[PDB]
$ cat data.cif   # mmCIF, C-alpha atoms and all ligand atoms
data_final
loop_
_atom_site.label_atom_id
_atom_site.label_comp_id
_atom_site.auth_asym_id
_atom_site.auth_seq_id
_atom_site.Cartn_x
_atom_site.Cartn_y
_atom_site.Cartn_z
CA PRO Z 1 -9.31 7.78 -23.30
CA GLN Z 2 -8.03 10.68 -21.14
CA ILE Z 3 -9.75 10.96 -17.68
CA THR Z 4 -9.69 14.02 -15.38
CA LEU Z 5 -9.92 13.63 -11.64
CA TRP Z 6 -12.88 15.96 -10.91
CA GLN Z 7 -15.15 12.93 -10.46
CA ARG Z 8 -14.38 9.38 -9.27
CA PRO Z 9 -12.65 7.51 -12.16
CA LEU Z 10 -15.44 4.87 -12.68
CA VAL Z 11 -15.41 2.25 -15.43
CA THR Z 12 -17.55 -0.64 -16.70
CA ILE Z 13 -15.93 -4.04 -16.32
CA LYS Z 14 -17.26 -7.38 -17.59
CA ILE Z 15 -16.50 -10.30 -15.32
CA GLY Z 16 -17.71 -13.95 -15.06
CA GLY Z 17 -20.49 -13.29 -17.54
CA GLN Z 18 -21.65 -10.16 -15.64
CA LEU Z 19 -21.62 -6.40 -15.95
CA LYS Z 20 -20.41 -4.06 -13.14
CA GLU Z 21 -18.70 -0.65 -12.56
CA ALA Z 22 -15.36 -0.26 -10.78
CA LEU Z 23 -12.96 2.32 -9.45
CA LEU Z 24 -9.60 2.94 -11.18
CA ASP Z 25 -7.15 2.79 -8.29
CA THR Z 26 -3.40 3.58 -8.84
CA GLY Z 27 -3.06 3.30 -5.12
CA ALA Z 28 -4.01 -0.38 -5.11
CA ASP Z 29 -1.40 -3.16 -5.92
CA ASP Z 30 -4.29 -5.69 -6.36
CA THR Z 31 -7.75 -5.89 -7.73
CA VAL Z 32 -10.57 -6.45 -5.21
CA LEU Z 33 -14.36 -6.73 -6.02
CA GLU Z 34 -17.41 -7.03 -3.74
CA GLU Z 35 -19.11 -10.45 -3.28
CA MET Z 36 -20.10 -12.06 -6.55
CA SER Z 37 -20.25 -15.51 -8.15
CA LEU Z 38 -17.18 -16.77 -9.97
CA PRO Z 39 -16.45 -20.31 -11.24
CA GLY Z 40 -13.41 -22.39 -10.21
CA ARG Z 41 -11.24 -22.71 -7.11
CA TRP Z 42 -9.87 -20.13 -4.72
CA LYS Z 43 -7.52 -19.65 -1.81
CA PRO Z 44 -8.36 -17.92 1.50
CA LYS Z 45 -6.26 -14.71 1.58
CA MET Z 46 -5.96 -11.51 3.66
CA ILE Z 47 -5.37 -7.89 2.68
CA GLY Z 48 -4.97 -4.56 4.44
CA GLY Z 49 -6.47 -1.11 3.73
CA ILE Z 50 -6.97 2.22 5.59
CA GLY Z 51 -9.45 0.77 7.99
CA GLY Z 52 -7.68 -2.55 8.79
CA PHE Z 53 -7.59 -6.01 7.33
CA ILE Z 54 -10.20 -7.99 5.44
CA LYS Z 55 -10.21 -11.66 4.39
CA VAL Z 56 -10.66 -12.41 0.63
CA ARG Z 57 -10.90 -15.40 -1.82
CA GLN Z 58 -8.20 -15.45 -4.46
CA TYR Z 59 -9.14 -16.35 -8.09
CA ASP Z 60 -6.31 -16.46 -10.56
CA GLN Z 61 -6.52 -16.30 -14.39
CA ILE Z 62 -9.90 -14.51 -14.38
CA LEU Z 63 -10.56 -12.77 -17.72
CA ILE Z 64 -11.93 -9.12 -17.30
CA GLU Z 65 -12.91 -6.76 -20.00
CA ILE Z 66 -12.17 -3.24 -18.67
CA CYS Z 67 -13.73 -0.53 -20.95
CA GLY Z 68 -13.47 -3.09 -23.82
CA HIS Z 69 -9.81 -4.14 -23.27
CA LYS Z 70 -8.83 -7.73 -22.35
CA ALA Z 71 -6.87 -8.61 -19.40
CA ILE Z 72 -6.35 -11.77 -17.31
CA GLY Z 73 -5.15 -11.69 -13.64
CA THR Z 74 -5.65 -12.34 -10.00
CA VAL Z 75 -8.87 -11.09 -8.70
CA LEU Z 76 -9.51 -11.02 -4.86
CA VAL Z 77 -13.28 -11.27 -3.96
CA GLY Z 78 -14.50 -10.07 -0.66
CA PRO Z 79 -15.98 -7.47 1.66
CA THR Z 80 -14.81 -4.26 -0.07
CA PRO Z 81 -16.94 -1.06 -0.11
CA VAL Z 82 -15.78 -0.48 -3.66
CA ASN Z 83 -14.78 -2.35 -6.73
CA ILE Z 84 -11.00 -1.75 -7.06
CA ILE Z 85 -9.01 -2.35 -10.18
CA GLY Z 86 -5.39 -1.89 -9.05
CA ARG Z 87 -2.02 -2.10 -10.61
CA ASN Z 88 -1.83 -5.84 -11.45
CA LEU Z 89 -4.51 -5.19 -14.13
CA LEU Z 90 -3.80 -1.41 -14.78
CA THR Z 91 -0.56 -2.30 -16.56
CA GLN Z 92 -2.16 -4.77 -18.94
CA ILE Z 93 -4.67 -2.31 -20.36
CA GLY Z 94 -1.71 0.06 -20.70
CA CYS Z 95 -2.57 2.79 -18.01
CA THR Z 96 -0.47 5.89 -17.03
CA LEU Z 97 -0.40 9.03 -14.88
CA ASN Z 98 0.21 12.33 -16.54
CA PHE Z 99 0.64 15.63 -14.76
CA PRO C 1 5.95 13.57 -16.13
CA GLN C 2 4.42 10.33 -17.48
CA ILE C 3 4.30 7.44 -14.91
CA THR C 4 3.78 3.72 -15.71
CA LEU C 5 2.11 1.43 -13.24
CA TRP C 6 4.77 -1.32 -12.99
CA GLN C 7 5.87 0.04 -9.61
CA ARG C 8 3.91 1.91 -6.91
CA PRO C 9 3.43 5.55 -8.09
CA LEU C 10 5.51 7.19 -5.26
CA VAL C 11 6.26 10.91 -5.05
CA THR C 12 8.10 13.37 -2.79
CA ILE C 13 5.82 15.85 -1.05
CA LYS C 14 6.88 18.79 1.12
CA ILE C 15 4.53 19.48 4.01
CA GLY C 16 4.69 21.63 7.20
CA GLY C 17 8.39 22.27 6.70
CA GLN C 18 9.12 18.53 6.20
CA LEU C 19 10.02 16.09 3.47
CA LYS C 20 8.13 12.78 2.88
CA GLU C 21 7.10 10.33 0.09
CA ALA C 22 3.47 9.55 -0.77
CA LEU C 23 1.32 7.32 -2.91
CA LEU C 24 -0.59 8.75 -5.91
CA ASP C 25 -4.09 7.41 -5.35
CA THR C 26 -6.87 7.99 -7.99
CA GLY C 27 -8.99 5.75 -5.87
CA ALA C 28 -8.95 8.14 -2.94
CA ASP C 29 -11.37 11.20 -2.76
CA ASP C 30 -9.22 12.69 0.09
CA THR C 31 -5.64 13.04 1.11
CA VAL C 32 -4.55 11.15 4.25
CA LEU C 33 -0.99 11.11 5.79
CA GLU C 34 0.47 9.15 8.73
CA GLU C 35 0.99 10.91 12.12
CA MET C 36 3.06 14.06 11.85
CA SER C 37 3.24 17.54 13.35
CA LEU C 38 1.23 20.30 11.72
CA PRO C 39 0.48 23.81 13.04
CA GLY C 40 -3.04 25.22 13.57
CA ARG C 41 -6.44 23.80 14.49
CA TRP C 42 -8.21 20.64 13.44
CA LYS C 43 -11.51 18.82 13.63
CA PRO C 44 -12.02 15.19 14.71
CA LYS C 45 -13.19 13.30 11.59
CA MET C 46 -13.78 9.68 10.44
CA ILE C 47 -13.07 7.91 7.17
CA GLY C 48 -13.55 4.45 5.72
CA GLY C 49 -11.22 2.17 3.70
CA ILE C 50 -10.99 -1.53 2.73
CA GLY C 51 -10.33 -2.65 6.24
CA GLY C 52 -12.91 -0.48 8.08
CA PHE C 53 -13.00 2.98 9.57
CA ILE C 54 -10.28 5.12 11.09
CA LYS C 55 -10.53 8.42 12.99
CA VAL C 56 -8.50 11.40 11.60
CA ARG C 57 -7.74 15.12 12.36
CA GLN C 58 -8.80 17.50 9.63
CA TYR C 59 -6.45 20.40 8.64
CA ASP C 60 -7.71 22.73 5.98
CA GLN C 61 -5.66 25.15 3.82
CA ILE C 62 -2.42 23.19 4.23
CA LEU C 63 0.10 24.08 1.50
CA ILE C 64 1.83 20.93 -0.08
CA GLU C 65 4.44 20.88 -2.73
CA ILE C 66 3.91 17.64 -4.71
CA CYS C 67 6.89 16.94 -7.08
CA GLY C 68 7.51 20.75 -7.08
CA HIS C 69 3.90 21.88 -7.81
CA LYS C 70 1.88 24.00 -5.34
CA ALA C 71 -1.38 23.04 -4.02
CA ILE C 72 -3.48 23.96 -0.96
CA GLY C 73 -6.24 21.67 0.47
CA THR C 74 -7.69 19.58 3.19
CA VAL C 75 -5.30 17.14 4.62
CA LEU C 76 -6.57 14.36 7.03
CA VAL C 77 -3.84 13.16 9.50
CA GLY C 78 -4.12 9.82 11.13
CA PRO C 79 -3.43 6.11 11.38
CA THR C 80 -2.94 5.25 7.68
CA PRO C 81 -0.43 2.57 6.51
CA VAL C 82 0.39 4.80 3.57
CA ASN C 83 0.62 8.41 2.64
CA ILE C 84 -2.33 8.99 0.25
CA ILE C 85 -2.67 11.93 -2.05
CA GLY C 86 -6.20 11.59 -3.47
CA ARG C 87 -8.38 13.50 -5.81
CA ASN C 88 -8.92 16.74 -3.84
CA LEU C 89 -5.21 17.54 -4.50
CA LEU C 90 -4.73 15.46 -7.76
CA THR C 91 -6.83 17.96 -9.70
CA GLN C 92 -4.83 20.98 -8.60
CA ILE C 93 -1.50 19.68 -9.87
CA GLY C 94 -3.37 18.85 -13.07
CA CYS C 95 -3.36 14.92 -13.00
CA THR C 96 -4.98 12.50 -15.55
CA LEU C 97 -5.42 8.84 -16.50
CA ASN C 98 -4.46 7.76 -19.95
CA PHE C 99 -5.00 4.31 -21.39
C1 LIG Z 101 -11.16 2.25 -1.61
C2 LIG Z 101 -9.91 1.82 -0.85
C3 LIG Z 101 -9.47 0.39 -1.22
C4 LIG Z 101 -8.78 2.85 -1.04
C5 LIG Z 101 -9.09 4.16 -0.33
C6 LIG Z 101 -8.02 4.94 0.12
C7 LIG Z 101 -8.26 6.14 0.78
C8 LIG Z 101 -9.56 6.57 1.01
BR1 LIG Z 101 -9.88 8.31 1.95
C9 LIG Z 101 -10.63 5.79 0.56
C10 LIG Z 101 -10.40 4.58 -0.10
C11 LIG Z 101 -7.45 2.40 -0.43
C12 LIG Z 101 -6.27 2.37 -1.17
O1 LIG Z 101 -6.27 2.83 -2.46
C13 LIG Z 101 -5.09 1.96 -0.56
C14 LIG Z 101 -3.89 1.93 -1.26
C15 LIG Z 101 -2.72 1.51 -0.64
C16 LIG Z 101 -2.71 1.11 0.69
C17 LIG Z 101 -3.90 1.17 1.41
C18 LIG Z 101 -5.07 1.58 0.78
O2 LIG Z 101 -6.25 1.62 1.51
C19 LIG Z 101 -7.43 2.03 0.91
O3 LIG Z 101 -8.49 1.96 1.53
#

$ encode --input "data.cif" --output "structure tokens"
Amino acid sequence: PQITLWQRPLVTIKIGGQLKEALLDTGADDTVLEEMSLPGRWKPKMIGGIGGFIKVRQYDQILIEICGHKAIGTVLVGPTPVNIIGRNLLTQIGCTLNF
Amino acid sequence: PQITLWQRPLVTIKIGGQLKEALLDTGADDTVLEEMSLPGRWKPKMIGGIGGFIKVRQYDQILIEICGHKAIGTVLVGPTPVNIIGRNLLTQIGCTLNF
């Protein structure tokens, strides 16, 4: 739908058989979620943010239903304050900025 | 205009008599810019991001021309990797998410 920026742009994702909410982030190149159980293998990886650098697990080819749309990409799991859906997934569900 | 998410959503702001580019961030509640000279008074403030917490200067009532639109808000100046225009300013220039 159309979403104004008066409140945090929050959205219900379904991931790895579980329900969660997550922040729509056009600032973010990648998708990062707080600590949660996911099947398969991962790779130790590191990202940077405002504060500094954090160390994540990389899962690839993880199916996510964002507000009822399908998408499949790399999801980084770690020590984030917020659930970030960035641009790798944003493009799939067909998202844009209008102003 | 309309902006796809295939590349980082970068935009030319004019601030404190200078030109710079900055990242359109719907994830960000506030606007934070790297270290630069601004007139007036400020307050020592602290924010959090992925990585951790950083310490900023707060300037209030700073006029910014984002892609040729006027806006006046709180701008936090500090040690960010990127120039962030978040939601405090986003709303002013009339921004939305469409998907
Ligand atoms: C929730 C964060 C992940 C997010 C954020 C940004 C500003 C503020 Br105030 C609060 C949060 C965030 C990015 O969207 C980001 C984008 C590009 C580069 C670095 C980045 O660091 C970040 O912390």

$ interface_residues --input "data.cif" --of "chain Z" --to "chain C" --cutoff "7 Å" --atoms "only C-alpha atoms" --output "VMD selection string"
chain Z and resid 1 to 6 23 to 27 48 to 54 80 to 81 87 90 to 91 93 to 99

$ residues_around --input "data.cif" --residues "residue Z:37" --least-positions-apart "4" --cutoff "12 Å" --atoms "all atoms listed in the file" --output "list in words"
residues 15, 16, 17, 18, 33, 41, 42, 57, 59, 77 and 78 of chain Z

$ atom_distance --input "data.cif" --atom1 "atom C16 of ligand LIG 101 (chain Z)" --atom2 "atom CA of residue C:11"
14.5 Å

$ atom_distance --input "data.cif" --atom1 "atom CA of residue Z:22" --atom2 "atom CA of residue Z:66"
9.0 Å

$ residues_around --input "data.cif" --residues "residue C:60" --least-positions-apart "5" --cutoff "10 Å" --atoms "only C-alpha atoms" --output "ChimeraX atom specification"
/C:40-43,72-76

$ atom_distance --input "data.cif" --atom1 "atom CA of residue C:12" --atom2 "atom CA of residue C:70"
12.6 Å

$ closest_residue --input "data.cif" --among "Z:45, Z:31, Z:65, Z:21" --to "ligand LIG 101 (chain Z)" --atoms "only C-alpha atoms and all ligand atoms"
Z:31

$ decode --input "data.cif" --residues "stretch 35-75 of chain C" --atoms "C-alpha atoms" --output "PDB file, in the first residue's frame"
ATOM      1  CA  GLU C  35      31.512  16.135  10.816  1.00  0.00           C
ATOM      2  CA  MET C  36      30.987  19.534   9.261  1.00  0.00           C
ATOM      3  CA  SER C  37      30.860  23.195  10.277  1.00  0.00           C
ATOM      4  CA  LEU C  38      27.531  24.633  11.362  1.00  0.00           C
ATOM      5  CA  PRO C  39      26.824  27.990  13.057  1.00  0.00           C
ATOM      6  CA  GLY C  40      25.056  28.372  16.430  1.00  0.00           C
ATOM      7  CA  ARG C  41      24.785  26.335  19.627  1.00  0.00           C
ATOM      8  CA  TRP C  42      24.402  22.629  20.215  1.00  0.00           C
ATOM      9  CA  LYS C  43      23.764  20.041  22.890  1.00  0.00           C
ATOM     10  CA  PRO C  44      25.843  16.898  23.529  1.00  0.00           C
ATOM     11  CA  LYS C  45      23.592  13.927  22.629  1.00  0.00           C
ATOM     12  CA  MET C  46      23.873  10.139  22.130  1.00  0.00           C
ATOM     13  CA  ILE C  47      22.321   7.791  19.588  1.00  0.00           C
ATOM     14  CA  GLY C  48      22.338   4.076  18.859  1.00  0.00           C
ATOM     15  CA  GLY C  49      22.732   2.117  15.589  1.00  0.00           C
ATOM     16  CA  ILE C  50      23.561  -1.468  14.494  1.00  0.00           C
ATOM     17  CA  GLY C  51      27.090  -1.271  15.717  1.00  0.00           C
ATOM     18  CA  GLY C  52      26.489   0.471  19.090  1.00  0.00           C
ATOM     19  CA  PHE C  53      26.232   4.017  20.323  1.00  0.00           C
ATOM     20  CA  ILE C  54      27.832   7.212  19.084  1.00  0.00           C
ATOM     21  CA  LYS C  55      27.887  10.688  20.660  1.00  0.00           C
ATOM     22  CA  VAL C  56      26.530  13.606  18.518  1.00  0.00           C
ATOM     23  CA  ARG C  57      25.987  17.439  18.676  1.00  0.00           C
ATOM     24  CA  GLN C  58      22.380  18.500  18.327  1.00  0.00           C
ATOM     25  CA  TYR C  59      21.516  21.547  16.128  1.00  0.00           C
ATOM     26  CA  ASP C  60      17.892  22.528  15.990  1.00  0.00           C
ATOM     27  CA  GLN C  61      16.157  24.720  13.363  1.00  0.00           C
ATOM     28  CA  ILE C  62      18.765  24.015  10.666  1.00  0.00           C
ATOM     29  CA  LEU C  63      17.414  24.785   7.181  1.00  0.00           C
ATOM     30  CA  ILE C  64      18.225  21.977   4.567  1.00  0.00           C
ATOM     31  CA  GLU C  65      17.355  21.951   0.946  1.00  0.00           C
ATOM     32  CA  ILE C  66      16.840  18.274  -0.007  1.00  0.00           C
ATOM     33  CA  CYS C  67      16.621  17.840  -3.847  1.00  0.00           C
ATOM     34  CA  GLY C  68      15.373  21.489  -3.976  1.00  0.00           C
ATOM     35  CA  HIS C  69      12.683  21.232  -1.234  1.00  0.00           C
ATOM     36  CA  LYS C  70      12.857  23.271   1.999  1.00  0.00           C
ATOM     37  CA  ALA C  71      12.779  21.803   5.340  1.00  0.00           C
ATOM     38  CA  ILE C  72      13.858  22.906   8.834  1.00  0.00           C
ATOM     39  CA  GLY C  73      14.635  20.411  11.681  1.00  0.00           C
ATOM     40  CA  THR C  74      16.966  18.857  14.148  1.00  0.00           C
ATOM     41  CA  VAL C  75      20.171  17.767  12.669  1.00  0.00           C
TER      42      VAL C  75
END
